[PDB]
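The structure file run_26.pdb is reproduced below (PDB, N, CA and C atoms and all ligand atoms).
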```pdb
ATOM      1  N   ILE A 255      45.669  -6.881  24.486
ATOM      2  CA  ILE A 255      45.754  -6.889  22.994
ATOM      3  C   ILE A 255      47.216  -6.878  22.514
ATOM      4  N   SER A 256      47.545  -7.851  21.668
ATOM      5  CA  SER A 256      48.859  -7.974  21.020
ATOM      6  C   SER A 256      48.999  -6.992  19.848
ATOM      7  N   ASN A 257      50.086  -6.223  19.826
ATOM      8  CA  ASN A 257      50.355  -5.332  18.695
ATOM      9  C   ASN A 257      50.356  -6.093  17.367
ATOM     10  N   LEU A 258      50.877  -7.325  17.352
ATOM     11  CA  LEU A 258      50.930  -8.102  16.099
ATOM     12  C   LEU A 258      49.546  -8.392  15.541
ATOM     13  N   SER A 259      48.597  -8.654  16.440
ATOM     14  CA  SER A 259      47.225  -8.943  16.048
ATOM     15  C   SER A 259      46.546  -7.724  15.454
ATOM     16  N   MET A 260      47.186  -6.562  15.592
ATOM     17  CA  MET A 260      46.633  -5.305  15.123
ATOM     18  C   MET A 260      47.281  -4.767  13.835
ATOM     19  N   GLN A 261      48.042  -5.609  13.128
ATOM     20  CA  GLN A 261      48.691  -5.169  11.883
ATOM     21  C   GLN A 261      47.692  -4.880  10.745
ATOM     22  N   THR A 262      46.481  -5.421  10.802
ATOM     23  CA  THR A 262      45.535  -5.180   9.723
ATOM     24  C   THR A 262      44.333  -4.309  10.165
ATOM     25  N   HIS A 263      43.827  -3.509   9.244
ATOM     26  CA  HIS A 263      42.739  -2.578   9.516
ATOM     27  C   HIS A 263      41.476  -3.233  10.122
ATOM     28  N   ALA A 264      41.048  -4.369   9.568
ATOM     29  CA  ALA A 264      39.834  -5.046  10.061
ATOM     30  C   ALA A 264      39.969  -5.431  11.516
ATOM     31  N   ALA A 265      41.164  -5.864  11.906
ATOM     32  CA  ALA A 265      41.371  -6.264  13.290
ATOM     33  C   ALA A 265      41.282  -5.046  14.201
ATOM     34  N   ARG A 266      41.917  -3.949  13.789
ATOM     35  CA  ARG A 266      41.828  -2.729  14.570
ATOM     36  C   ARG A 266      40.392  -2.208  14.713
ATOM     37  N   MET A 267      39.608  -2.271  13.646
ATOM     38  CA  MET A 267      38.215  -1.817  13.728
ATOM     39  C   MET A 267      37.426  -2.529  14.812
ATOM     40  N   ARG A 268      37.655  -3.836  14.966
ATOM     41  CA  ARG A 268      36.816  -4.594  15.909
ATOM     42  C   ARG A 268      37.121  -4.255  17.355
ATOM     43  N   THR A 269      38.252  -3.603  17.617
ATOM     44  CA  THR A 269      38.559  -3.224  19.005
ATOM     45  C   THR A 269      37.716  -2.054  19.544
ATOM     46  N   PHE A 270      36.984  -1.379  18.665
ATOM     47  CA  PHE A 270      36.253  -0.139  19.027
ATOM     48  C   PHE A 270      34.808  -0.341  19.517
ATOM     49  N   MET A 271      34.478  -1.558  19.912
ATOM     50  CA  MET A 271      33.098  -1.868  20.326
ATOM     51  C   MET A 271      32.426  -0.870  21.261
ATOM     52  N   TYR A 272      33.071  -0.633  22.397
ATOM     53  CA  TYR A 272      32.502   0.185  23.459
ATOM     54  C   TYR A 272      33.072   1.603  23.413
ATOM     55  N   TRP A 273      33.699   1.953  22.298
ATOM     56  CA  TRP A 273      34.235   3.316  22.052
ATOM     57  C   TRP A 273      33.158   4.355  22.347
ATOM     58  N   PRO A 274      33.447   5.313  23.241
ATOM     59  CA  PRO A 274      32.422   6.301  23.581
ATOM     60  C   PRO A 274      31.911   7.110  22.368
ATOM     61  N   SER A 275      30.607   7.082  22.138
ATOM     62  CA  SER A 275      30.010   7.778  20.984
ATOM     63  C   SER A 275      30.162   9.304  21.060
ATOM     64  N   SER A 276      30.401   9.822  22.259
ATOM     65  CA  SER A 276      30.554  11.259  22.469
ATOM     66  C   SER A 276      31.895  11.803  21.954
ATOM     67  N   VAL A 277      32.868  10.929  21.714
ATOM     68  CA  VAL A 277      34.171  11.376  21.208
ATOM     69  C   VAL A 277      34.010  11.761  19.741
ATOM     70  N   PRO A 278      34.489  12.964  19.363
ATOM     71  CA  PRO A 278      34.288  13.508  18.005
ATOM     72  C   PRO A 278      35.326  13.068  16.968
ATOM     73  N   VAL A 279      35.818  11.844  17.099
ATOM     74  CA  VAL A 279      36.633  11.187  16.075
ATOM     75  C   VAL A 279      36.116   9.755  15.959
ATOM     76  N   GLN A 280      36.000   9.254  14.731
ATOM     77  CA  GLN A 280      35.360   7.963  14.473
ATOM     78  C   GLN A 280      36.347   6.805  14.371
ATOM     79  N   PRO A 281      35.932   5.595  14.801
ATOM     80  CA  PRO A 281      36.799   4.415  14.631
ATOM     81  C   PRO A 281      37.429   4.212  13.264
ATOM     82  N   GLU A 282      36.675   4.427  12.190
ATOM     83  CA  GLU A 282      37.226   4.194  10.859
ATOM     84  C   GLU A 282      38.474   5.051  10.595
ATOM     85  N   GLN A 283      38.419   6.319  11.001
ATOM     86  CA  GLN A 283      39.577   7.215  10.793
ATOM     87  C   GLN A 283      40.750   6.853  11.692
ATOM     88  N   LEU A 284      40.453   6.403  12.903
ATOM     89  CA  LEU A 284      41.493   5.978  13.819
ATOM     90  C   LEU A 284      42.178   4.713  13.326
ATOM     91  N   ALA A 285      41.383   3.696  12.979
ATOM     92  CA  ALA A 285      41.946   2.434  12.503
ATOM     93  C   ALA A 285      42.774   2.634  11.220
ATOM     94  N   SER A 286      42.294   3.492  10.330
ATOM     95  CA  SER A 286      43.024   3.775   9.082
ATOM     96  C   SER A 286      44.420   4.349   9.359
ATOM     97  N   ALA A 287      44.528   5.124  10.439
ATOM     98  CA  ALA A 287      45.795   5.769  10.773
ATOM     99  C   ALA A 287      46.681   4.892  11.665
ATOM    100  N   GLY A 288      46.286   3.625  11.839
ATOM    101  CA  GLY A 288      47.137   2.663  12.550
ATOM    102  C   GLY A 288      46.707   2.366  13.974
ATOM    103  N   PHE A 289      45.672   3.064  14.443
ATOM    104  CA  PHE A 289      45.307   2.973  15.860
ATOM    105  C   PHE A 289      44.276   1.908  16.186
ATOM    106  N   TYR A 290      44.418   1.327  17.375
ATOM    107  CA  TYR A 290      43.370   0.458  17.924
ATOM    108  C   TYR A 290      43.044   0.900  19.352
ATOM    109  N   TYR A 291      41.847   0.508  19.806
ATOM    110  CA  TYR A 291      41.348   0.936  21.137
ATOM    111  C   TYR A 291      41.857   0.005  22.228
ATOM    112  N   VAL A 292      42.463   0.577  23.273
ATOM    113  CA  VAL A 292      42.988  -0.240  24.355
ATOM    114  C   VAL A 292      41.959  -0.532  25.448
ATOM    115  N   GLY A 293      40.760   0.040  25.335
ATOM    116  CA  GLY A 293      39.636  -0.388  26.164
ATOM    117  C   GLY A 293      39.436   0.430  27.409
ATOM    118  N   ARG A 294      40.078   1.593  27.463
ATOM    119  CA  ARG A 294      39.881   2.552  28.551
ATOM    120  C   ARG A 294      39.690   3.951  27.984
ATOM    121  N   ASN A 295      38.642   4.622  28.457
ATOM    122  CA  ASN A 295      38.349   5.995  28.063
ATOM    123  C   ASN A 295      38.410   6.161  26.548
ATOM    124  N   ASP A 296      39.250   7.078  26.046
ATOM    125  CA  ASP A 296      39.451   7.202  24.594
ATOM    126  C   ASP A 296      40.895   6.944  24.150
ATOM    127  N   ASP A 297      41.589   6.104  24.912
ATOM    128  CA  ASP A 297      42.994   5.765  24.675
ATOM    129  C   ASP A 297      43.142   4.805  23.500
ATOM    130  N   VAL A 298      43.996   5.189  22.555
ATOM    131  CA  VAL A 298      44.317   4.337  21.407
ATOM    132  C   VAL A 298      45.840   4.200  21.299
ATOM    133  N   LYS A 299      46.303   3.118  20.665
ATOM    134  CA  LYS A 299      47.747   2.936  20.412
ATOM    135  C   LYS A 299      47.972   2.560  18.971
ATOM    136  N   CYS A 300      49.128   2.944  18.432
ATOM    137  CA  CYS A 300      49.492   2.536  17.080
ATOM    138  C   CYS A 300      50.101   1.151  17.088
ATOM    139  N   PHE A 301      49.679   0.314  16.140
ATOM    140  CA  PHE A 301      50.190  -1.078  16.091
ATOM    141  C   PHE A 301      51.686  -1.149  15.764
ATOM    142  N   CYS A 302      52.196  -0.120  15.086
ATOM    143  CA  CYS A 302      53.570  -0.168  14.584
ATOM    144  C   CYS A 302      54.562   0.449  15.573
ATOM    145  N   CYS A 303      54.299   1.699  15.980
ATOM    146  CA  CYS A 303      55.256   2.442  16.817
ATOM    147  C   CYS A 303      54.909   2.376  18.311
ATOM    148  N   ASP A 304      53.741   1.819  18.631
ATOM    149  CA  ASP A 304      53.226   1.723  20.000
ATOM    150  C   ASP A 304      52.963   3.089  20.665
ATOM    151  N   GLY A 305      52.936   4.149  19.871
ATOM    152  CA  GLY A 305      52.560   5.459  20.426
ATOM    153  C   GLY A 305      51.101   5.492  20.885
ATOM    154  N   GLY A 306      50.857   6.097  22.032
ATOM    155  CA  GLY A 306      49.509   6.224  22.590
ATOM    156  C   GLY A 306      48.967   7.625  22.461
ATOM    157  N   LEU A 307      47.703   7.716  22.045
ATOM    158  CA  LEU A 307      47.022   9.030  21.937
ATOM    159  C   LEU A 307      45.703   9.007  22.683
ATOM    160  N   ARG A 308      45.346  10.144  23.263
ATOM    161  CA  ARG A 308      44.080  10.239  23.992
ATOM    162  C   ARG A 308      43.540  11.668  23.922
ATOM    163  N   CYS A 309      42.338  11.867  24.480
ATOM    164  CA  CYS A 309      41.708  13.205  24.562
ATOM    165  C   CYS A 309      41.552  13.822  23.174
ATOM    166  N   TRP A 310      40.950  13.023  22.294
ATOM    167  CA  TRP A 310      40.550  13.456  20.963
ATOM    168  C   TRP A 310      39.601  14.647  21.037
ATOM    169  N   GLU A 311      39.868  15.638  20.197
ATOM    170  CA  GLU A 311      39.093  16.890  20.133
ATOM    171  C   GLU A 311      38.396  17.028  18.781
ATOM    172  N   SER A 312      37.333  17.840  18.743
ATOM    173  CA  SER A 312      36.619  18.135  17.503
ATOM    174  C   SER A 312      37.577  18.646  16.434
ATOM    175  N   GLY A 313      37.470  18.097  15.229
ATOM    176  CA  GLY A 313      38.346  18.484  14.127
ATOM    177  C   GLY A 313      39.681  17.768  14.052
ATOM    178  N   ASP A 314      40.028  16.960  15.060
ATOM    179  CA  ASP A 314      41.287  16.203  14.983
ATOM    180  C   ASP A 314      41.277  15.277  13.782
ATOM    181  N   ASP A 315      42.440  15.195  13.147
ATOM    182  CA  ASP A 315      42.689  14.262  12.062
ATOM    183  C   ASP A 315      43.728  13.278  12.596
ATOM    184  N   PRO A 316      43.360  11.998  12.760
ATOM    185  CA  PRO A 316      44.303  11.033  13.306
ATOM    186  C   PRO A 316      45.662  10.954  12.599
ATOM    187  N   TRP A 317      45.718  11.116  11.279
ATOM    188  CA  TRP A 317      47.018  11.123  10.628
ATOM    189  C   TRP A 317      47.896  12.302  11.052
ATOM    190  N   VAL A 318      47.282  13.477  11.189
ATOM    191  CA  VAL A 318      48.004  14.679  11.633
ATOM    192  C   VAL A 318      48.524  14.483  13.044
ATOM    193  N   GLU A 319      47.669  13.946  13.911
ATOM    194  CA  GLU A 319      48.081  13.757  15.296
ATOM    195  C   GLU A 319      49.186  12.690  15.375
ATOM    196  N   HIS A 320      49.110  11.666  14.521
ATOM    197  CA  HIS A 320      50.177  10.639  14.466
ATOM    198  C   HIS A 320      51.524  11.267  14.092
ATOM    199  N   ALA A 321      51.504  12.168  13.103
ATOM    200  CA  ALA A 321      52.725  12.822  12.640
ATOM    201  C   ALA A 321      53.228  13.883  13.626
ATOM    202  N   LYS A 322      52.315  14.532  14.344
ATOM    203  CA  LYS A 322      52.703  15.555  15.318
ATOM    204  C   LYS A 322      53.481  14.942  16.464
ATOM    205  N   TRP A 323      53.005  13.796  16.936
ATOM    206  CA  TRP A 323      53.524  13.236  18.171
ATOM    207  C   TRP A 323      54.521  12.085  17.969
ATOM    208  N   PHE A 324      54.354  11.322  16.878
ATOM    209  CA  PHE A 324      55.199  10.143  16.606
ATOM    210  C   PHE A 324      55.758  10.157  15.185
ATOM    211  N   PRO A 325      56.527  11.214  14.843
ATOM    212  CA  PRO A 325      56.956  11.391  13.466
ATOM    213  C   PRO A 325      57.903  10.328  12.864
ATOM    214  N   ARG A 326      58.505   9.487  13.710
ATOM    215  CA  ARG A 326      59.438   8.454  13.242
ATOM    216  C   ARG A 326      58.748   7.127  12.903
ATOM    217  N   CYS A 327      57.424   7.070  13.114
ATOM    218  CA  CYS A 327      56.697   5.819  12.881
ATOM    219  C   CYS A 327      56.799   5.384  11.427
ATOM    220  N   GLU A 328      57.272   4.150  11.206
ATOM    221  CA  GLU A 328      57.424   3.657   9.849
ATOM    222  C   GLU A 328      56.134   3.433   9.103
ATOM    223  N   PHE A 329      55.072   3.017   9.800
ATOM    224  CA  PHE A 329      53.771   2.862   9.145
ATOM    225  C   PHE A 329      53.248   4.242   8.671
ATOM    226  N   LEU A 330      53.303   5.249   9.549
ATOM    227  CA  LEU A 330      52.963   6.613   9.160
ATOM    228  C   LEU A 330      53.723   7.076   7.921
ATOM    229  N   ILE A 331      55.038   6.867   7.918
ATOM    230  CA  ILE A 331      55.861   7.346   6.789
ATOM    231  C   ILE A 331      55.467   6.592   5.511
ATOM    232  N   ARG A 332      55.255   5.278   5.615
ATOM    233  CA  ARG A 332      54.926   4.461   4.432
ATOM    234  C   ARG A 332      53.571   4.896   3.842
ATOM    235  N   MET A 333      52.632   5.305   4.710
ATOM    236  CA  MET A 333      51.295   5.654   4.232
ATOM    237  C   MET A 333      51.147   7.100   3.784
ATOM    238  N   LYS A 334      51.778   8.018   4.520
ATOM    239  CA  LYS A 334      51.607   9.462   4.287
ATOM    240  C   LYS A 334      52.821  10.125   3.685
ATOM    241  N   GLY A 335      53.979   9.486   3.822
ATOM    242  CA  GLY A 335      55.206  10.002   3.196
ATOM    243  C   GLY A 335      55.953  10.954   4.134
ATOM    244  N   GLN A 336      57.266  11.003   3.924
ATOM    245  CA  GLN A 336      58.158  11.834   4.739
ATOM    246  C   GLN A 336      57.875  13.310   4.541
ATOM    247  N   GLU A 337      57.443  13.712   3.345
ATOM    248  CA  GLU A 337      57.131  15.151   3.098
ATOM    249  C   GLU A 337      56.017  15.654   4.022
ATOM    250  N   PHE A 338      54.968  14.836   4.172
ATOM    251  CA  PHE A 338      53.824  15.176   5.012
ATOM    252  C   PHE A 338      54.305  15.302   6.444
ATOM    253  N   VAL A 339      55.102  14.334   6.901
ATOM    254  CA  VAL A 339      55.539  14.321   8.289
ATOM    255  C   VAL A 339      56.402  15.560   8.554
ATOM    256  N   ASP A 340      57.288  15.885   7.608
ATOM    257  CA  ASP A 340      58.163  17.058   7.752
ATOM    258  C   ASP A 340      57.334  18.324   7.929
ATOM    259  N   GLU A 341      56.277  18.454   7.130
ATOM    260  CA  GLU A 341      55.413  19.634   7.196
ATOM    261  C   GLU A 341      54.680  19.741   8.533
ATOM    262  N   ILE A 342      54.174  18.620   9.049
ATOM    263  CA  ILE A 342      53.511  18.657  10.352
ATOM    264  C   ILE A 342      54.499  19.007  11.464
ATOM    265  N   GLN A 343      55.766  18.615  11.283
ATOM    266  CA  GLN A 343      56.829  18.961  12.218
ATOM    267  C   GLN A 343      57.366  20.392  12.017
ATOM    268  N   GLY A 344      56.752  21.142  11.104
ATOM    269  CA  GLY A 344      57.128  22.543  10.863
ATOM    270  C   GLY A 344      58.367  22.771  10.022
ATOM    271  N   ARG A 345      58.684  21.802   9.168
ATOM    272  CA  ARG A 345      59.796  21.934   8.231
ATOM    273  C   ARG A 345      59.229  22.042   6.840
ATOM    274  N   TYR A 346      59.347  23.225   6.234
ATOM    275  CA  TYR A 346      58.780  23.481   4.898
ATOM    276  C   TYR A 346      59.859  23.642   3.828
TER     277      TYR A 346
HETATM  278  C1  LIG A 401      44.141  17.084  20.713
HETATM  279  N1  LIG A 401      44.476  15.842  19.984
HETATM  280  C2  LIG A 401      44.853  14.708  20.850
HETATM  281  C3  LIG A 401      44.900  13.415  20.034
HETATM  282  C4  LIG A 401      46.181  14.946  21.516
HETATM  283  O1  LIG A 401      46.966  15.786  21.067
HETATM  284  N2  LIG A 401      46.449  14.269  22.628
HETATM  285  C5  LIG A 401      47.687  14.413  23.386
HETATM  286  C6  LIG A 401      48.307  13.028  23.499
HETATM  287  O2  LIG A 401      47.599  12.030  23.289
HETATM  288  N3  LIG A 401      49.619  12.846  23.751
HETATM  289  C7  LIG A 401      50.550  13.990  24.087
HETATM  290  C8  LIG A 401      51.964  13.688  23.616
HETATM  291  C9  LIG A 401      53.033  14.677  24.147
HETATM  292  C10 LIG A 401      54.311  13.795  24.084
HETATM  293  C11 LIG A 401      54.532  12.923  22.838
HETATM  294  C12 LIG A 401      53.833  12.323  24.095
HETATM  295  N4  LIG A 401      52.379  12.393  24.238
HETATM  296  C13 LIG A 401      51.634  11.305  23.609
HETATM  297  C14 LIG A 401      50.124  11.472  23.906
HETATM  298  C15 LIG A 401      49.756  10.993  25.287
HETATM  299  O3  LIG A 401      49.464  11.787  26.185
HETATM  300  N5  LIG A 401      49.738   9.664  25.440
HETATM  301  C16 LIG A 401      49.334   9.011  26.690
HETATM  302  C17 LIG A 401      50.561   8.971  27.623
HETATM  303  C18 LIG A 401      51.412   7.713  27.370
HETATM  304  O4  LIG A 401      50.573   6.540  27.514
HETATM  305  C19 LIG A 401      49.397   6.496  26.806
HETATM  306  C20 LIG A 401      48.836   5.244  26.498
HETATM  307  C21 LIG A 401      47.645   5.157  25.775
HETATM  308  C22 LIG A 401      47.016   6.293  25.324
HETATM  309  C23 LIG A 401      47.570   7.524  25.633
HETATM  310  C24 LIG A 401      48.752   7.636  26.371
HETATM  311  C25 LIG A 401      47.466  15.007  24.819
HETATM  312  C26 LIG A 401      46.663  13.997  25.675
HETATM  313  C27 LIG A 401      46.377  14.617  27.063
HETATM  314  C28 LIG A 401      45.607  15.929  26.891
HETATM  315  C29 LIG A 401      46.453  16.947  26.094
HETATM  316  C30 LIG A 401      46.788  16.388  24.691
HETATM  317 ZN    ZN A 402      52.738   4.754  14.636
END
```

Rewrite the coordinates I just gave you, this time as structure tokens.
Ligand SMILES: CN[C@@H](C)C(=O)N[C@H](C(=O)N1C[C@H]2C[C@@H]3C[C@@H]3N2C[C@H]1C(=O)N[C@@H]1CCOc2ccccc21)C1CCCCC1
Ligand SMILES: [Zn+2]
Amino acid sequence: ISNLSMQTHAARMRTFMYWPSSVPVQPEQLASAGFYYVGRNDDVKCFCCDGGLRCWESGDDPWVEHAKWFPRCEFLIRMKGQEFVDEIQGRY
């Protein structure tokens, strides 16, 4: 999968075909936060920063996890704002 082909939400959604139903985070929330499914286990990558996330847990919010682990991502900042990212990074 080409990162460029994943710049739009609809394209990212279609990558989740065989996404394990047992994982307690849904494709719609993942795709909204920039992620697409790379086709192994529960591994997803962001189309913009290429950050990879896995081992989704109950109650995870994909935007929070994006800001926790990849705070410099420009798509994250454009969508959620620098204030949000600063707070997740523990700067109040
Ligand atoms: C609990 N919520 C989940 C989303 C979470 O926090 N996952 C963490 C994660 O995805 N991370 C951890 C961070 C730490 C550091 C910033 C780097 N990591 C990114 C990410 C990760 O493990 N990514 C792997 C390794 C790199 O390659 C890929 C490629 C695709 C998908 C995932 C990853 C890890 C996964 C392994 C179990 C423990 C939580
Ligand atoms: Zn990103």

Show me a table, sorted first by chain and then by increasing residue number, of the residues of chain A having an atom at most 6 Å from ligand ZN 402 (chain A), each with its shortest atom pair and the distance in Å to one decimal, counting only N, CA and C atoms and all ligand atoms and written as JSON lines.
```
{"residue": "A:300", "atom": "CA", "partner": "A:ZN402", "partner_atom": "ZN", "distance": 4.6}
{"residue": "A:301", "atom": "N", "partner": "A:ZN402", "partner_atom": "ZN", "distance": 5.6}
{"residue": "A:302", "atom": "C", "partner": "A:ZN402", "partner_atom": "ZN", "distance": 4.8}
{"residue": "A:303", "atom": "N", "partner": "A:ZN402", "partner_atom": "ZN", "distance": 3.7}
{"residue": "A:304", "atom": "N", "partner": "A:ZN402", "partner_atom": "ZN", "distance": 5.1}
{"residue": "A:305", "atom": "N", "partner": "A:ZN402", "partner_atom": "ZN", "distance": 5.3}
{"residue": "A:327", "atom": "CA", "partner": "A:ZN402", "partner_atom": "ZN", "distance": 4.5}
{"residue": "A:328", "atom": "N", "partner": "A:ZN402", "partner_atom": "ZN", "distance": 5.7}
{"residue": "A:329", "atom": "N", "partner": "A:ZN402", "partner_atom": "ZN", "distance": 5.6}
{"residue": "A:330", "atom": "N", "partner": "A:ZN402", "partner_atom": "ZN", "distance": 5.1}
```

Neighbours of ligand LIG 401 (chain A) at 5 Å or closer, counting all atoms listed in the file: which residues, as a CSV table (one decimal) with N, CA and C atoms, in the coordinates of the input?
```
chain,number,residue,atom,x,y,z
A,297,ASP,N,41.6,6.1,24.9
A,297,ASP,CA,43.0,5.8,24.7
A,297,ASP,C,43.1,4.8,23.5
A,298,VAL,N,44.0,5.2,22.6
A,298,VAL,CA,44.3,4.3,21.4
A,298,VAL,C,45.8,4.2,21.3
A,306,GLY,N,50.9,6.1,22.0
A,306,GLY,CA,49.5,6.2,22.6
A,306,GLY,C,49.0,7.6,22.5
A,307,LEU,N,47.7,7.7,22.0
A,307,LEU,CA,47.0,9.0,21.9
A,307,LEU,C,45.7,9.0,22.7
A,308,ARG,N,45.3,10.1,23.3
A,308,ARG,CA,44.1,10.2,24.0
A,308,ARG,C,43.5,11.7,23.9
A,309,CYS,N,42.3,11.9,24.5
A,309,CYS,CA,41.7,13.2,24.6
A,309,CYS,C,41.6,13.8,23.2
A,310,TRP,N,41.0,13.0,22.3
A,310,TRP,CA,40.6,13.5,21.0
A,310,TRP,C,39.6,14.6,21.0
A,311,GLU,N,39.9,15.6,20.2
A,311,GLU,CA,39.1,16.9,20.1
A,311,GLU,C,38.4,17.0,18.8
A,323,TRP,N,53.0,13.8,16.9
A,323,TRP,CA,53.5,13.2,18.2
A,323,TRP,C,54.5,12.1,18.0
```

Item to complete: Write out as a VMD selection string all residues of chain A that DSSP puts in helix (DSSP H, G or I) for this structure's backbone.
Response: chain A and resid 258 to 260 263 to 268 281 to 286 316 to 323 328 to 334 336 to 342

Worksheet item: Which residue out of A:265, A:279, A:287, A:318 has the minimum interatomic distance to residue 340 in chain A when only C-alpha atoms are used?
Response: A:318

Practice prompt. Just give me the gap between atom C of residue 314 in chain A and atom C of residue 278 in chain A in Å, one decimal is fine.
Written response: 7.1 Å

Practice prompt. From the DSSP assignment of the backbone, select every residue of chain A that is strand (DSSP E), and format the answer as a PyMOL selection string.
Written response: chain A and resi 289-291+298-300+306-307

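Nearest residue to residue 293 in chain A among A:263, A:322, A:332, A:268 is A:268, counting only C-alpha atoms.
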
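Picked by the PyMOL selection byres (((chain A and resi 281-284) around 8) and not hetatm) from the coordinates shown: residues 266, 267, 270, 273, 278, 279, 280, 285, 286, 287, 288, 289, 290, 291, 315, 316 and 317 of chain A.
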
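Separating atom C of residue 272 in chain A from CA of residue 292 in chain A is a distance of 10.1 Å.
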
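Between atom C of residue 321 in chain A and CA of residue 261 in chain A lies a distance of 19.7 Å.
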
How would you write, as a CSV table (one decimal) with N, CA and C atoms, in the frame of the given file, the residues chosen by the PyMOL selection byres (((chain A and resi 339 and name CA) around 9) and not hetatm and name CA) on this structure?
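Final output, saved to selection.csv:
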```
chain,number,residue,atom,x,y,z
A,318,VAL,N,47.3,13.5,11.2
A,318,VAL,CA,48.0,14.7,11.6
A,318,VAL,C,48.5,14.5,13.0
A,320,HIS,N,49.1,11.7,14.5
A,320,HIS,CA,50.2,10.6,14.5
A,320,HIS,C,51.5,11.3,14.1
A,321,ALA,N,51.5,12.2,13.1
A,321,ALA,CA,52.7,12.8,12.6
A,321,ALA,C,53.2,13.9,13.6
A,322,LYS,N,52.3,14.5,14.3
A,322,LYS,CA,52.7,15.6,15.3
A,322,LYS,C,53.5,14.9,16.5
A,325,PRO,N,56.5,11.2,14.8
A,325,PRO,CA,57.0,11.4,13.5
A,325,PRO,C,57.9,10.3,12.9
A,326,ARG,N,58.5,9.5,13.7
A,326,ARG,CA,59.4,8.5,13.2
A,326,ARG,C,58.7,7.1,12.9
A,330,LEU,N,53.3,5.2,9.5
A,330,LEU,CA,53.0,6.6,9.2
A,330,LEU,C,53.7,7.1,7.9
A,331,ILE,N,55.0,6.9,7.9
A,331,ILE,CA,55.9,7.3,6.8
A,331,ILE,C,55.5,6.6,5.5
A,334,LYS,N,51.8,8.0,4.5
A,334,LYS,CA,51.6,9.5,4.3
A,334,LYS,C,52.8,10.1,3.7
A,335,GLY,N,54.0,9.5,3.8
A,335,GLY,CA,55.2,10.0,3.2
A,335,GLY,C,56.0,11.0,4.1
A,336,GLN,N,57.3,11.0,3.9
A,336,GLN,CA,58.2,11.8,4.7
A,336,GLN,C,57.9,13.3,4.5
A,337,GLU,N,57.4,13.7,3.3
A,337,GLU,CA,57.1,15.2,3.1
A,337,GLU,C,56.0,15.7,4.0
A,338,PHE,N,55.0,14.8,4.2
A,338,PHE,CA,53.8,15.2,5.0
A,338,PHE,C,54.3,15.3,6.4
A,340,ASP,N,57.3,15.9,7.6
A,340,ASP,CA,58.2,17.1,7.8
A,340,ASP,C,57.3,18.3,7.9
A,341,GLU,N,56.3,18.5,7.1
A,341,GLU,CA,55.4,19.6,7.2
A,341,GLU,C,54.7,19.7,8.5
A,342,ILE,N,54.2,18.6,9.0
A,342,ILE,CA,53.5,18.7,10.4
A,342,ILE,C,54.5,19.0,11.5
A,343,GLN,N,55.8,18.6,11.3
A,343,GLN,CA,56.8,19.0,12.2
A,343,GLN,C,57.4,20.4,12.0
A,344,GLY,N,56.8,21.1,11.1
A,344,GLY,CA,57.1,22.5,10.9
A,344,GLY,C,58.4,22.8,10.0
A,345,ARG,N,58.7,21.8,9.2
A,345,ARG,CA,59.8,21.9,8.2
A,345,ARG,C,59.2,22.0,6.8
```
